[PDB]
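**Student:** Here you go, one structure.
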RNA sequence: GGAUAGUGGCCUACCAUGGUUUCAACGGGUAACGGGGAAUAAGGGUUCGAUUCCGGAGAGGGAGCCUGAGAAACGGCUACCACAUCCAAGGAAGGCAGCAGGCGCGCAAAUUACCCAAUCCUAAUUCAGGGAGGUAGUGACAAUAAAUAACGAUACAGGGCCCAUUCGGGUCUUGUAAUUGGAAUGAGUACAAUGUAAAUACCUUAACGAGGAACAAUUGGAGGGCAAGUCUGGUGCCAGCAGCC
């Protein structure tokens, strides 16, 4: 790009979650938009921590272009990020795997199934076998 | 459950519709200040009516009345901030007197025309809505602006459009491709 | 006089004429521009009382 | 003098006197009695579906001379018989019989509009097909 | 005195005959839940308020009750009434005025979708669950902004001023135009990033995207109130128009 000049604003250290938080602006002219991974590597080298440790979310583009503004958040390390952050944030960064599930309606259906069943099920299985034998 | 969003209009239709004097006056205003809508005209008249009711029901009160002081100073402050009022006429009777023409000349489109980036208020309109303008370092595409005079000091063309550079044009590149094929 | 018939008489009996072609007119602020430049800088009909639809006189 | 008392403790006399005079007023009466809901055909509703049964050739009141081509309608929710002015030209031929038409009022709040006596209501649609649309051929009525 | 968690006709035993009323009791009606408020106004006021918030009532109509701190619970039981289902006819299971969705009623009202990412709540509890809630789909209910077109030169017609050397120039005008040219982005396609739980939209910007045949703004109305035809054709108190005349 041409002079992104990523600049942080309102920085503050929160030692309780053991992190530091700020609202950040990038100035991109002659340029469609920055990317999240680009922003993360830039903040990792300007604040020296790690790429998988620094985080970002938001980044609305100001009208007409020429700049965007969002929230950037660096952690004390990768392990701190992994333990504290949400799974959706980790998986959109690529640091973890989004566990696959079915539809919520299907989870509720199987929930109703094993709610209508009582006990483990082996006895009912043997009973249904002995019943459907004839 | 979600607390309901306030909404309220910013215009009011005429009490009595068909008065040729009124109609010709607001048509005069639209065709000289480059407008599309008697809606917009009513809107400006509604702002003027709002401030006029405020001015009346404030100047009704005695001097050194802290209500009069506070509300009149805030009205003065925003009127000087927008430039509809001057920087040396603070006696509240000019506020009683002020004009839809004053509001319209403080708008952006005819301001652009006075600054000379248009050659016609309609040209100013099409430049505003096609975003070949910016008052600060960010583009705006609304005629109805009520400028704050820092914009006035800071007018220029759109940086991210020709007449302020950075690109020749969509149809410019189109014509260039045409001439490239012709030369080829 | 037994006229519970004849409905649609003149609408059926009318000689069908159709709208001639013409360019699409200015829209919106352009229309108000046309109205201003027709009514005021065009001084075309100011005889005594400013007609707007002059019948052929 | 003037009639109306003036004492500082007679507001009761004032309200009850005013109550009687409001009963003498027009719209207070029919509103508080619910004539629109108990005796009027619509039931105070803005419109109403209906089924035409036959045609009527009401002549125009004086000073005028015409025949107004209205119709006879029955409602559904009520089952009351209503007359209705088929407004425009040819629309009667459009709305011949059995049609599940829509009716509304004239614009005079329970009275007849012009030289059209006995009629307070008119037709606006035909089974979900508008009469102006039929008249200008922007749409067309399902034939069957 | 019983009952209540508690006062008290709350209920019982005995006793006195009282209590409310034209300052509208009691009975009837209500398209009556009340209120914070909404429309509307010089003042006074009138009308509405089912409806996001507060307090009430109800779970098809009534009655009863277990568990529990808290229910007269209904997404808890028991019976009756009216509804309605599955039957290998012996029997069994239900209450969408919860979210979607359907029939009917009508003038009159959305998808049988995605997510717990937020806002909160619950549990033994950070971790789970939540049609509470958020997202998207339908959506011209209402509100904000705002495209549909502009600009230069070429053929006519002007107004100041210079020459006042005739009606020659008109320097400059501002419109009239089967004149001509450019540049100028948007609607829509977007590669993409961003958006968000995942998205789809907004904003961003590549690449593609007008000369009107282009990308085509309708709805009312022209005798008055009430602004806008003494125009053309058809009709002939017929058809029809018109809120009032």
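The numbers used for chain A are those of Swiss-Prot, and the residues that appear cover 2-135, in sequence.
Per the header: electron microscopy, 3.9 Å.
Backbone N, Cα and C define each Cβ position, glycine as well.
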**Student:** Quick one: which of A:14, A:69 has phosphoserine in Swiss-Prot?
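**Tutor:** Residue annotated phosphoserine in Swiss-Prot: A:14.
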**Student:** Between the candidate ranges A:34-67, A:102-135, where does Swiss-Prot place the region 'Disordered' annotation?
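**Tutor:** My reading of Swiss-Prot: the region 'Disordered' range is A:102-135.
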**Student:** Quiz question: given the modified residues A:2, A:14, A:56, which has the greatest number of C-beta atoms lying within 10 angstroms of its own C-beta?
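**Tutor:** Selected residue: A:56.
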**Student:** Which chain-mates of residue A:21 (ubiquitin cross-link) that are at least 6 residues away have a CB under 8 A from its CB, listed by sequence?
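**Tutor:** In sequence order, the residues whose Cβ lies under 8 Å from that of residue A:21 (ubiquitin cross-link) (at least 6 apart) are A:12, A:13, A:14, A:15, A:74, A:75.
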**Student:** Against which stretches of its own chain does the compositional bias 'Basic residues' (A:124-135) lie, if we need a Cβ under 8 Å and a gap of at least six residues from its ends?
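**Tutor:** Contacts with the compositional bias 'Basic residues' (A:124-135): 118.
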**Student:** Summarise the compositional bias 'Basic residues' (A:124-135) by DSSP state, stating how many residues are helix, strand and coil.
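**Tutor:** The breakdown for the compositional bias 'Basic residues' (A:124-135) reads 10 helix, 0 strand, 2 coil.
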**Student:** With DSSP helix as H/G/I and strand as E/B, how many residues of the compositional bias 'Basic residues' (A:105-115) fall in helix, strand and coil?
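**Tutor:** Per-class counts: 11 helix, 0 strand, 0 coil.
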**Student:** Pop the Cα-Cα gap between residue A:2 (N-acetylserine) and residue A:56 (phosphoserine) into the table, whole Å please.
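**Tutor:** With the alpha carbons as reference points, the distance is 21 Å.
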**Student:** Any idea what DSSP makes of residue A:2 (N-acetylserine), helix, strand or coil?
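**Tutor:** Note: residue A:2 (N-acetylserine) is coil by DSSP, not helix or strand.
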